[PDB]
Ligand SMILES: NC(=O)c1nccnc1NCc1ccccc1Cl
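The data below hold one chain only, encoded as structure tokens and taken in the form deposited without the named molecule.
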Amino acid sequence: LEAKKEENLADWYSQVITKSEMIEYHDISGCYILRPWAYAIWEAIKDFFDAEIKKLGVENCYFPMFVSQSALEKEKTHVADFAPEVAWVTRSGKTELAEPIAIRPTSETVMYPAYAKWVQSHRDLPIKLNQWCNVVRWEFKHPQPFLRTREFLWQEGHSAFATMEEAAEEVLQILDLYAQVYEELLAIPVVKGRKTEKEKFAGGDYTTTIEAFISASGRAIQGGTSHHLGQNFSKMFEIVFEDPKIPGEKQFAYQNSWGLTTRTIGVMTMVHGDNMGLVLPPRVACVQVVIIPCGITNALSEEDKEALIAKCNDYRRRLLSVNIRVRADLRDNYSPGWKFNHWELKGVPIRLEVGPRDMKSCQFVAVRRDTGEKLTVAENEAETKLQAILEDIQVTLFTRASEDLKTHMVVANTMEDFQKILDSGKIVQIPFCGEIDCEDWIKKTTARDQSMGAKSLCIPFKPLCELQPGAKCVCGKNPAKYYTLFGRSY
């Protein structure tokens, strides 16, 4: 690794993700190749989430990606600001086509006409459906492998209830899951809260979100979102049912929608990385432990060279049997020292080092990726001790970026504190009125002193300080409705 996090972050990231065999650039910019080392992290997230939404009664499915012109345009889901970012299909070979078709940037326009058809009785509710798919949005903005890409993978859930007490409960349930993905797997602490009326999903009553901080840049980033849509789309798409014991009457259904994307892997990179390379949390690594045989020489007995290469498999065998994801790298051509480095770039949590010097002592050595600390372990304790080190790494990585968050997230009550602490490369809870103006304003004000300015992130469900009796927005005109998280974003 030539570049350094503190110094040229933009380069560091692009070097870490290539040299860890995670990403590979494609002959079309904005598009990237998810190599196995990264995909296994996505698949790890996928396994957890999938397991939890199904406990909630959600079922997976697959809708088409092609949304016809008379669909987006036929309605006004959009919110048509994004309309110049949709790609279009126009010709089948050379032969032109009847109407052009769009590539899904999201799936409301494809799914909701159908929801309308399936909801006949009130009996056909709820309808909770999820899909794991790719989506395509267009961007000329200088692209970036996990955070700013043209095609990406995600998950999008769309549920639809009779009542609102229902819909409401799910929205918060899902956001907790999205938290668990970041806090329990990825070991990334996040801030839960509600979008401002400026920022919330348009065409949807409210919008809960999960925001994480990437100190390295002093910006914060959006993790995943969970929206309550109320009746907006049902009205739009006539998803209606005859009421319960309010006969002859027409009730609109209450809807939700929530998504999480592959930016997770980018955030995970940005947060836990070294100048030594990528670092993975034990919960998501393809390989929790790598077993490398070291201490091999040109004239090492040939019957010894197969005691080593066999001792290694005993660890491999024993660890696999306690569901530790272990590879033994028994490759003849690379050095040991080469391997040490290779698996360090990739960020494998523990390196299990096996030398004959240690074999003699019926023992072995384990190296933590995060701290670098070596430990010498008895062969009869490989399971308990290594499982423990895996748990202790997860904690460390989490109880680091969280202390790193607490330093970098503070309250400021004047506007003059807020421009100092923001330029201090941090993020701030301020008193805020809520009006779009004293936000729409705030951006321009902060941008004049900073190459851009503070955005609202979320309105913390649990803000740092409680608000005091008379208290005013940073503007100085209106009173403060709620402490509100602001910062420069991604």
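Start at 1 and count along the sequence shown; that's the residue number. Note that the rigid core is defined as the largest set of C-alphas that superpose within 1.5 Å between two forms.
Heads up, the form deposited with the named molecule bound isn't pictured, but that's what we're talking about next.
- Site accessibility, open: after C-alpha superposition of the site, the named molecule as positioned in the bound PDB entry shows no atom within 2.4 Å of the backbone or C-beta atoms of the displayed chain.
- You can rule out all but one of 143-151, 162-170, 281-289, 336-344: in the bound PDB entry, only 143-151 has residues with a heavy atom within 4.5 Å of the named molecule.
- Checked against the named molecule in the bound PDB entry, the candidates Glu139, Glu416, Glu306, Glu99 yield a single residue with a heavy atom inside 4.5 Å, and that residue is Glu139.
- This chain appears without its partner; in the bound PDB entry, the one residue of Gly355, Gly259, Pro113, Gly230 with a heavy atom within 4.5 Å of the named molecule is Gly259.
- In the bound PDB entry, the named molecule lies farther than 4.5 Å from every heavy atom of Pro126.
- Mapping the unseen interface onto this chain, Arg263 counts among the residues with a heavy atom inside 4.5 Å of the named molecule in the bound PDB entry.
- Among heavy atoms of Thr225, some come within 4.5 Å of the named molecule in the bound PDB entry.
- Taking the core as reference between this form and the one not shown, the lone member of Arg325, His78, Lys420, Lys385 whose Cα moves by 2 Å or more is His78.
- Relative to the superposed core, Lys374 undergoes a Cα shift smaller than 2 Å between this form and the one not shown.
- When the rigid core is held fixed, the Cα atom of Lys117 travels less than 2 angstroms between this form and the one not shown.
- The Cα position of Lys235 differs by less than 2 Å between this form and the one not shown after fitting on the rigid core.
- The pair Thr77 and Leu129 is looser in the bound PDB entry: their Cα-Cα distance rises by no less than 3 Å compared with this form.
- In the bound PDB entry, the separation between the C-alpha atoms of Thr77 and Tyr112 grows by 3 Å or more relative to the displayed form.
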